[PDB]
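Asks: Handing you a structure now.
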Amino acid sequence: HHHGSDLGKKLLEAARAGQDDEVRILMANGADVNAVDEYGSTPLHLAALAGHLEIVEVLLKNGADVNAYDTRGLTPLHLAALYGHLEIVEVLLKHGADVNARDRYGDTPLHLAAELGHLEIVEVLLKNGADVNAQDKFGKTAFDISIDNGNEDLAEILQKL
Ligand SMILES: [Cl-]
């Protein structure tokens, strides 16, 4: 629907604020599920960041792009991992999220979850095919990040799971 309309902007705002009723109302009025703001963020990026599981589900049910990339190359999965939202991480993977998507720095969701010490998110990403050898632009793997941060608990999950 159009290109950067105020209707799409209202849906982006309601998705970030977790306004479930307002999100259903706006969608019924024809708001585009894949509306983008100036940062290339979609309603699914903003709901995943702010940890609104229910809204993430309705967006997906109504055809939101699970692998949309913003201006920094961050996908909704990168954001759910970075903000520590485990249930959203699981729901996104079930709806075909690309476990090895790369942002502008070559970091995958695994790199971001390791950097923030999110152990269970790391474990879930590994069992969904996360690439342990993926190197970012600084030449680091998620394992290298865990070692540099002296998180031996995380490093052990990264080597054995
Ligand atoms: Cl969650």
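Residues are referred to by chain and number: the chain letter is A, B, ... according to the order shown in the structure tokens, the number counts from 1 in that chain, and ligands are numbered separately from 1 in the order shown.
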Give me the residues within 9 Å of residue 118 in chain A as a list in words, counting only C-alpha atoms and dropping any in the same chain fewer than 4 places off.
Replies: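 Listed by chain and then number, they are residues 81, 82, 84, 86, 112, 113, 114, 122, 123 and 154 of chain A.
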Asks: Range 26-35 of chain A: which residues within 6 Å, counting only C-alpha atoms, same-chain residues fewer than 5 positions away excluded, as a PDB file with N, CA and C atoms, in the first residue's frame?
Replies:
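part34.pdb was written with the following content:
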```pdb
ATOM      1  N   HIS A   1       0.815  -1.210   0.000  1.00  0.00           N
ATOM      2  CA  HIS A   1       0.000   0.000   0.000  1.00  0.00           C
ATOM      3  C   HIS A   1       0.865   1.284   0.000  1.00  0.00           C
ATOM      4  N   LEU A   7      -0.406   5.796   7.279  1.00  0.00           N
ATOM      5  CA  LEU A   7      -1.110   4.614   7.758  1.00  0.00           C
ATOM      6  C   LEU A   7      -0.083   3.528   8.181  1.00  0.00           C
ATOM      7  N   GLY A   8       0.938   3.334   7.331  1.00  0.00           N
ATOM      8  CA  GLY A   8       2.060   2.429   7.558  1.00  0.00           C
ATOM      9  C   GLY A   8       2.850   2.882   8.772  1.00  0.00           C
ATOM     10  N   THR A  42      10.747  -2.382   9.615  1.00  0.00           N
ATOM     11  CA  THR A  42       9.390  -2.823   9.334  1.00  0.00           C
ATOM     12  C   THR A  42       8.634  -3.051  10.673  1.00  0.00           C
ATOM     13  N   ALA A  64       3.845 -10.733   6.816  1.00  0.00           N
ATOM     14  CA  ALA A  64       5.000  -9.849   7.000  1.00  0.00           C
ATOM     15  C   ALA A  64       6.269 -10.585   6.534  1.00  0.00           C
TER      16      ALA A  64
END
```
Asks: Could you pull the residues within 12 Å of residue 144 in chain A, counting only C-alpha atoms, minus those fewer than 3 positions along the same chain, as an NGL selection string?
Replies: :A and (110-111 or 114-115 or 132-136 or 138-141 or 147-152 or 154-156 or 158-159)
Asks: Residues at most 6 Å from residue 52 in chain A, counting only C-alpha atoms, excluding those fewer than 3 positions away in the same chain, as a ChimeraX atom specification?
Replies: /A:18,47,55
Asks: Using C-alpha atoms, can you export the residues from the last selection as a compact mmCIF listing (two decimals), in the first residue's frame?
Replies:
```
# COMPACT_ATOMS: atom_id res chain seq x y z
CA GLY A 18 2.69 -3.43 21.50
CA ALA A 47 7.63 -5.71 17.46
CA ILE A 55 2.00 -8.71 17.52
```
Asks: For the atom pair CA of residue 75 in chain A and CA of residue 49 in chain A, what is the interatomic distance in Å to one decimal place?
Replies: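 Result for CA of residue 75 in chain A versus CA of residue 49 in chain A: 10.2 Å, one decimal.
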Asks: Just to confirm, what's the straight-line distance from CA of residue 121 in chain A to CA of residue 78 in chain A in Å (one decimal)?
Replies: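 Atom-to-atom, CA of residue 121 in chain A to CA of residue 78 in chain A, that is 11.0 Å.
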Asks: Neighbouring residues of residue 67 in chain A were defined as those with any atom within 8 Å, considering only C-alpha atoms; residues of the same chain fewer than 2 positions away were excluded. Please report them as a ChimeraX atom specification.
Replies: /A:65,69,75-76,97-98
Asks: Please return as a PDB file with N, CA, C and O atoms, in the first residue's frame the residues found within 10 Å of ligand 1, counting only C-alpha atoms and all ligand atoms.
Replies:
```pdb
ATOM      1  N   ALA A  48       9.634  -7.194  17.287  1.00  0.00           N
ATOM      2  CA  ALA A  48      10.683  -8.151  17.710  1.00  0.00           C
ATOM      3  C   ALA A  48      11.688  -7.496  18.670  1.00  0.00           C
ATOM      4  O   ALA A  48      12.049  -8.099  19.672  1.00  0.00           O
ATOM      5  N   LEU A  49      12.092  -6.249  18.384  1.00  0.00           N
ATOM      6  CA  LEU A  49      12.972  -5.412  19.209  1.00  0.00           C
ATOM      7  C   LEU A  49      12.354  -5.182  20.603  1.00  0.00           C
ATOM      8  O   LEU A  49      12.995  -5.443  21.617  1.00  0.00           O
ATOM      9  N   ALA A  50      11.125  -4.642  20.633  1.00  0.00           N
ATOM     10  CA  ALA A  50      10.402  -4.284  21.849  1.00  0.00           C
ATOM     11  C   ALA A  50       9.743  -5.470  22.566  1.00  0.00           C
ATOM     12  O   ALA A  50       9.128  -5.286  23.619  1.00  0.00           O
ATOM     13  N   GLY A  51       9.941  -6.679  22.032  1.00  0.00           N
ATOM     14  CA  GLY A  51       9.491  -7.919  22.667  1.00  0.00           C
ATOM     15  C   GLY A  51       7.998  -8.133  22.777  1.00  0.00           C
ATOM     16  O   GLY A  51       7.507  -8.548  23.837  1.00  0.00           O
ATOM     17  N   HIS A  52       7.251  -7.872  21.671  1.00  0.00           N
ATOM     18  CA  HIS A  52       5.777  -8.060  21.656  1.00  0.00           C
ATOM     19  C   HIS A  52       5.456  -9.306  20.846  1.00  0.00           C
ATOM     20  O   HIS A  52       5.282  -9.233  19.620  1.00  0.00           O
ATOM     21  N   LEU A  53       5.474 -10.466  21.526  1.00  0.00           N
ATOM     22  CA  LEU A  53       5.241 -11.769  20.897  1.00  0.00           C
ATOM     23  C   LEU A  53       3.894 -11.866  20.108  1.00  0.00           C
ATOM     24  O   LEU A  53       3.902 -12.284  18.949  1.00  0.00           O
ATOM     25  N   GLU A  54       2.780 -11.467  20.737  1.00  0.00           N
ATOM     26  CA  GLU A  54       1.446 -11.507  20.125  1.00  0.00           C
ATOM     27  C   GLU A  54       1.399 -10.751  18.773  1.00  0.00           C
ATOM     28  O   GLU A  54       0.939 -11.318  17.775  1.00  0.00           O
ATOM     29  N   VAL A  56       4.083  -9.920  16.884  1.00  0.00           N
ATOM     30  CA  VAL A  56       4.990 -10.635  15.967  1.00  0.00           C
ATOM     31  C   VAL A  56       4.193 -11.744  15.218  1.00  0.00           C
ATOM     32  O   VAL A  56       4.293 -11.849  13.993  1.00  0.00           O
ATOM     33  N   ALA A  80      15.670  -9.636  17.745  1.00  0.00           N
ATOM     34  CA  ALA A  80      15.145 -10.504  18.795  1.00  0.00           C
ATOM     35  C   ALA A  80      16.316 -11.120  19.632  1.00  0.00           C
ATOM     36  O   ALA A  80      16.214 -11.197  20.854  1.00  0.00           O
ATOM     37  N   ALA A  81      17.437 -11.501  18.971  1.00  0.00           N
ATOM     38  CA  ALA A  81      18.664 -12.033  19.574  1.00  0.00           C
ATOM     39  C   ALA A  81      19.380 -10.943  20.395  1.00  0.00           C
ATOM     40  O   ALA A  81      19.757 -11.180  21.542  1.00  0.00           O
ATOM     41  N   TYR A  83      18.139  -8.055  21.620  1.00  0.00           N
ATOM     42  CA  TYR A  83      17.320  -7.572  22.728  1.00  0.00           C
ATOM     43  C   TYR A  83      16.945  -8.674  23.735  1.00  0.00           C
ATOM     44  O   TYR A  83      16.231  -8.398  24.699  1.00  0.00           O
ATOM     45  N   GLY A  84      17.450  -9.893  23.534  1.00  0.00           N
ATOM     46  CA  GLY A  84      17.209 -11.016  24.439  1.00  0.00           C
ATOM     47  C   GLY A  84      15.774 -11.505  24.530  1.00  0.00           C
ATOM     48  O   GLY A  84      15.286 -11.740  25.639  1.00  0.00           O
ATOM     49  N   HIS A  85      15.061 -11.643  23.379  1.00  0.00           N
ATOM     50  CA  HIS A  85      13.657 -12.132  23.368  1.00  0.00           C
ATOM     51  C   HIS A  85      13.630 -13.563  22.792  1.00  0.00           C
ATOM     52  O   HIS A  85      13.537 -13.756  21.576  1.00  0.00           O
ATOM     53  N   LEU A  86      13.772 -14.547  23.680  1.00  0.00           N
ATOM     54  CA  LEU A  86      13.890 -15.950  23.328  1.00  0.00           C
ATOM     55  C   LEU A  86      12.666 -16.529  22.585  1.00  0.00           C
ATOM     56  O   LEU A  86      12.852 -17.186  21.561  1.00  0.00           O
ATOM     57  N   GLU A  87      11.436 -16.282  23.077  1.00  0.00           N
ATOM     58  CA  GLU A  87      10.183 -16.782  22.463  1.00  0.00           C
ATOM     59  C   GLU A  87      10.003 -16.236  21.061  1.00  0.00           C
ATOM     60  O   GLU A  87       9.657 -16.992  20.161  1.00  0.00           O
ATOM     61  N   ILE A  88      10.286 -14.937  20.862  1.00  0.00           N
ATOM     62  CA  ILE A  88      10.241 -14.294  19.545  1.00  0.00           C
ATOM     63  C   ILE A  88      11.282 -14.925  18.622  1.00  0.00           C
ATOM     64  O   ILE A  88      10.937 -15.244  17.490  1.00  0.00           O
ATOM     65  N   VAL A  89      12.527 -15.174  19.123  1.00  0.00           N
ATOM     66  CA  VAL A  89      13.609 -15.872  18.385  1.00  0.00           C
ATOM     67  C   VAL A  89      13.066 -17.224  17.846  1.00  0.00           C
ATOM     68  O   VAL A  89      13.195 -17.500  16.646  1.00  0.00           O
ATOM     69  N   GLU A  90      12.431 -18.031  18.729  1.00  0.00           N
ATOM     70  CA  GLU A  90      11.837 -19.325  18.374  1.00  0.00           C
ATOM     71  C   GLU A  90      10.715 -19.213  17.321  1.00  0.00           C
ATOM     72  O   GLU A  90      10.701 -20.005  16.376  1.00  0.00           O
ATOM     73  N   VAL A  91       9.790 -18.238  17.480  1.00  0.00           N
ATOM     74  CA  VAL A  91       8.670 -18.020  16.546  1.00  0.00           C
ATOM     75  C   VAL A  91       9.181 -17.615  15.158  1.00  0.00           C
ATOM     76  O   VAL A  91       8.709 -18.161  14.161  1.00  0.00           O
TER      77      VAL A  91
END
```
Asks: Applying 6 Å and only C-alpha atoms, which residues near range 10-14 of chain A remain after dropping the ones on its own chain fewer than 4 positions away? List them as a list in words.
Replies: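 Once the nearby chain positions are removed, what remains is residues 18, 19, 23 and 43 of chain A.
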Asks: Next, dump the selected residues to file, keeping only N, CA and C atoms, as a tab-separated table (two decimals), in the first residue's frame.
Replies:
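Contents of selection_20.tsv, as written:
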```tsv
chain	number	residue	atom	x	y	z
A	18	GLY	N	3.45	-2.24	21.12
A	18	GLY	CA	2.69	-3.43	21.50
A	18	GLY	C	1.19	-3.23	21.66
A	19	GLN	N	0.58	-2.34	20.84
A	19	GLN	CA	-0.87	-2.04	20.91
A	19	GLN	C	-1.60	-3.05	20.02
A	23	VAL	N	-3.17	-2.49	16.26
A	23	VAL	CA	-2.53	-3.23	15.17
A	23	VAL	C	-3.59	-3.97	14.32
A	43	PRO	N	7.28	-3.19	10.66
A	43	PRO	CA	6.54	-3.43	11.92
A	43	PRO	C	7.05	-4.68	12.65
```
Asks: As a compact mmCIF listing (two decimals) with C-alpha atoms, in the first residue's frame, please: all residues of chain A that backbone DSSP puts in helix (DSSP H, G or I).
Replies:
```
# COMPACT_ATOMS: atom_id res chain seq x y z
CA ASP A 6 1.02 7.78 7.49
CA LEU A 7 -1.11 4.61 7.76
CA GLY A 8 2.06 2.43 7.56
CA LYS A 9 3.77 4.84 10.01
CA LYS A 10 0.81 4.37 12.45
CA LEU A 11 1.18 0.55 12.19
CA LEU A 12 5.02 0.83 12.79
CA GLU A 13 4.28 2.90 15.92
CA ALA A 14 1.49 0.59 17.25
CA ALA A 15 3.71 -2.53 16.58
CA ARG A 16 6.65 -0.97 18.55
CA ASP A 20 -2.56 -5.34 19.86
CA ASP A 21 -6.07 -3.81 19.24
CA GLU A 22 -4.67 -0.84 17.32
CA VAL A 23 -2.53 -3.23 15.17
CA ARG A 24 -5.64 -5.33 14.23
CA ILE A 25 -7.69 -2.10 13.48
CA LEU A 26 -4.94 -0.62 11.23
CA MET A 27 -4.49 -3.90 9.31
CA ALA A 28 -8.29 -4.18 8.71
CA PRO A 43 6.54 -3.43 11.92
CA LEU A 44 8.02 -6.96 12.43
CA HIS A 45 11.51 -5.44 13.26
CA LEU A 46 9.92 -3.07 15.84
CA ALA A 47 7.63 -5.71 17.46
CA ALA A 48 10.68 -8.15 17.71
CA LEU A 49 12.97 -5.41 19.21
CA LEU A 53 5.24 -11.77 20.90
CA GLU A 54 1.45 -11.51 20.13
CA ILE A 55 2.00 -8.71 17.52
CA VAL A 56 4.99 -10.64 15.97
CA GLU A 57 2.50 -13.57 15.44
CA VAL A 58 -0.33 -11.52 13.81
CA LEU A 59 2.20 -9.73 11.52
CA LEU A 60 3.53 -13.14 10.34
CA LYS A 61 -0.02 -14.56 9.95
CA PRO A 76 13.97 -9.09 12.89
CA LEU A 77 15.93 -12.24 14.06
CA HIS A 78 19.12 -10.10 14.65
CA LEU A 79 16.94 -7.76 16.80
CA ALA A 80 15.14 -10.50 18.79
CA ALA A 81 18.66 -12.03 19.57
CA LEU A 82 20.22 -8.58 20.39
CA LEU A 86 13.89 -15.95 23.33
CA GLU A 87 10.18 -16.78 22.46
CA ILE A 88 10.24 -14.29 19.55
CA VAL A 89 13.61 -15.87 18.38
CA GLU A 90 11.84 -19.33 18.37
CA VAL A 91 8.67 -18.02 16.55
CA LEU A 92 10.76 -16.25 13.84
CA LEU A 93 12.81 -19.45 13.09
CA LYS A 94 9.56 -21.50 12.82
CA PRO A 109 22.15 -13.33 14.95
CA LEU A 110 24.60 -15.85 16.62
CA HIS A 111 27.33 -13.13 16.87
CA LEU A 112 24.86 -10.63 18.47
CA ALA A 113 23.40 -13.16 20.99
CA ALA A 114 26.99 -14.28 21.96
CA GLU A 115 28.11 -10.60 22.44
CA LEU A 119 23.00 -18.43 26.36
CA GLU A 120 19.59 -20.03 25.60
CA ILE A 121 19.12 -17.87 22.42
CA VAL A 122 22.65 -19.07 21.30
CA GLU A 123 21.61 -22.73 21.97
CA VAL A 124 18.29 -22.30 19.95
CA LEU A 125 20.16 -20.64 17.02
CA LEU A 126 22.75 -23.50 16.95
CA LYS A 127 20.08 -26.19 16.78
CA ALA A 142 30.55 -16.13 17.74
CA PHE A 143 33.13 -18.47 19.52
CA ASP A 144 35.89 -15.75 19.18
CA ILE A 145 33.47 -13.22 20.82
CA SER A 146 32.70 -15.60 23.77
CA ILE A 147 36.52 -16.19 24.33
CA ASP A 148 37.35 -12.43 24.07
CA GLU A 152 33.52 -19.92 29.20
CA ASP A 153 29.92 -21.10 29.80
CA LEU A 154 28.90 -19.65 26.41
CA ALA A 155 32.14 -20.84 24.72
CA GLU A 156 31.36 -24.43 25.90
CA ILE A 157 27.79 -24.22 24.39
CA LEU A 158 29.35 -22.87 21.11
CA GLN A 159 31.89 -25.80 20.87
CA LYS A 160 29.65 -28.67 21.99
```
Asks: Tell me, in Å to one decimal, how far CA of residue 72 in chain A is from CA of residue 102 in chain A.
Replies: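 About the pair CA of residue 72 in chain A and CA of residue 102 in chain A: they are 9.7 Å apart.
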